[PDB]
Amino acid sequence: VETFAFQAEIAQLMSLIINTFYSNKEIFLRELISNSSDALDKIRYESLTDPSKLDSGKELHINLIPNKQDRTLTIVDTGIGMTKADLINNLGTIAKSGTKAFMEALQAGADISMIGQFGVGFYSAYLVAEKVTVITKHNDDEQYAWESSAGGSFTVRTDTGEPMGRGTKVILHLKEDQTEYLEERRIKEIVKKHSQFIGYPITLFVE
Ligand SMILES: Nc1nc2c3ccc(S(N)(=O)=O)cc3nc(Cc3ccc4c(c3)OCO4)n2n1
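Residues numbered from 1 in each chain as written, not as in the entry; some residues may be left out. Heavy atoms only, no water.

- For this deposition, the record names X-ray crystallography as the technique by which the model was determined and cites 2.00 Å as its resolution.

## Structural notes on the side chain of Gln143
And then number 1: With respect to the helices and strands, the residue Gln143 is situated in the loop between β4 (129-137) and β5 (144-148).
And then number 2: One polar contact links the side chain of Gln143 to the main-chain carbonyl oxygen of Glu162, over a distance of 3.1 Å.
And then number 3: Leaving out residues up to four positions away in the same chain, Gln143 has contacts with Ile135, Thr136, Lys137, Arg157, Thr158, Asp159, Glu162, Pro163 and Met164. (Helix = DSSP H or I, 4+ residues; strand = E, 2+ residues; numbered from the N terminus. Polar contact = N/O pair within 3.5 Å; in protein donor to acceptor, adjacent residues only side chain to side chain. Contact = heavy atoms within 4.5 Å.)

## Points about the site of the ligand
And then number 1: Taken together, 14 residues form the shell around the ligand, and within it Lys42, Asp77, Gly81, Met82 and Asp86 come nearest.
And then number 2: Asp77 places a polar side-chain atom, nitrogen or oxygen, 2.8 Å from a nitrogen atom of the ligand.
And then number 3: Taking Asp86, its side chain carries an N or O atom lying 2.7 Å from a nitrogen atom of the ligand.
And then number 4: For the ligand, whose free accessible area comes to 570 Å², the fraction covered by protein is 82%.
And then number 5: Going through the elements one at a time, α2 (27-49) and α3 (84-107) are the ones with two or more residues in the shell around the ligand.
And then number 6: It is α2 that provides the largest number of residues to the shell around the ligand, a total of four residues. (Near = heavy atom within 4 Å. Areas by Shrake-Rupley, 256 points an atom, 1.4 Å probe, with all protein chains shown as cover.)

## As for the packing of helix α1 (residues 8-19) against α3
And then number 1: Two elements in contact, α1 and α3, have axes whose closest approach is 9 Å; the angle formed by their N-to-C orientations is 45 degrees. Between α1 and α3, the angle is such that the two are oblique. The interaxial crossing formed by α1 with α3 has left-handed handedness. The segment α1 lies against α3, with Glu9, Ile10, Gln12, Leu13 and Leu16 engaging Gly92, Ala95, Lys96, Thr99, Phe102, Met103 and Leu106.
And then number 2: The class makeup of the residues in the contact of α1 with α3 is seven nonpolar, three polar and two charged. (Axes fitted to C-alpha atoms, helices over the stretch in contact; angles between N-to-C directions. Parallel < 35°, antiparallel > 145°, perpendicular 65-115°, else oblique. Left-handed = near helix turned anticlockwise from the far one by under 90°. Nonpolar A, V, L, I, M, F, W, Y, C, P; charged D, E, K, R; others polar.)

## Looking at the packing of aromatic side chains
And then number 1: Evaluation of the coordinates by the stated rule reveals eight aromatic pairs.
And then number 2: Where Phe6 meets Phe154, the ring centres are 4.8 Å apart and the plane angle is 45 degrees; that geometry is what we call tilted. One end of the pair, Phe6, is in the loop between β1 (2-5) and α1; the other, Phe154, is in strand β6 (residues 153-158), and 148 residues separate them in sequence.
And then number 3: Among the residues examined, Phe6 registers a relative accessible area of 10% and is labelled buried.
And then number 4: Through a chain of ring-to-ring contacts, the aromatic side chains of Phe4, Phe6, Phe122, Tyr123, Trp146 and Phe154 assemble into a single cluster. (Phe/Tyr/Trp six-rings, centres within 6.5 Å; stacked < 30°, edge-to-face > 60°. Buried < 20%, exposed > 50% of the residue type's maximum accessible area, 1.4 Å probe, protein only.)

## Quick notes on α3
Along an α-helix, residues three or four positions apart point the same way, because every turn accommodates 3.6 residues.
And then number 1: For α3, with 24 residues, the first-to-last C-alpha span of 34 Å sits near the 34 Å given by 1.5 Å per residue.
And then number 2: Along α3, the residues classified as buried are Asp86, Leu87, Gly92, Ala95, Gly98, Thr99, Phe102, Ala105 and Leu106.
And then number 3: If you follow the buried residues of α3, they end up packed against α1, β4, β5 and β6.
And then number 4: Where α3 terminates, the next one or two residues include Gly109, which has phi positive at roughly 115 degrees. (Expected span 1.5 Å × (residues − 1).)

## A closer look at the pairing of strand β7 (residues 167-174)
And then number 1: Where burial is concerned, most of β7 is hidden: seven out of the eight residues are buried.
And then number 2: Of the strand pairs in this sheet, strand β3 (residues 72-77) and β7 are connected by six bridges, and their pairing is antiparallel. Along β7, the bridge assignment pairs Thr74 with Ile171.
And then number 3: The sheet contact formed by β4 and β7 spans eight bridges and is antiparallel. Paired with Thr136 across the bridge in β7 is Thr168. (Pairing = 2+ DSSP bridges.)

Here it is as structure tokens:
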């Protein structure tokens, strides 16, 4: 288990998302589904040129898994997955320009729902989650667990839990007052409103 500091701009973004009063929290779901869809687009493209890239699973889709016992909502995809370098370095580095632009837009009248237009929608997870755990497996790399409760740091470890094949699971440990997002009716509503045209099956698990 290694502990890393977020780059200052990302820690700043995370604090803004946690601290700002903003009632329209439900858009976190569209942001994460969109991330999943992008990752599924990547493996679909790559597998078209190299069919063996689907040896780790042919099916391209999204699962939404609420668990009231654990108070978690898990977004699972069989997209391309992330490498250790992505989790530790690449994605945070790239996110710096998007963060800065988002923060400037918010000063000029944008609102937190527009976060995806700056390519940093993953962090919208913190609108609703006290802790986010990401399990991810990319072809030719090992399975990793990334985790953060914000506060300026995150961890990465090699994951020795159940193997997942290929893709990403974002496990949202929901804030105590955000359990509405475990409700079937509420999730279906939000998917219908903001994620209506995703080009992959989205299966909402029931409890
Ligand atoms: N679900 C999902 N999948 C990805 C993803 C997949 C591949 C690639 S890659 N190798 O082409 O650069 C990037 C991906 N990025 C995201 C979004 C994201 C951003 C930051 C994260 C994160 C996910 O998990 C922890 O920190 N996500 N989110």
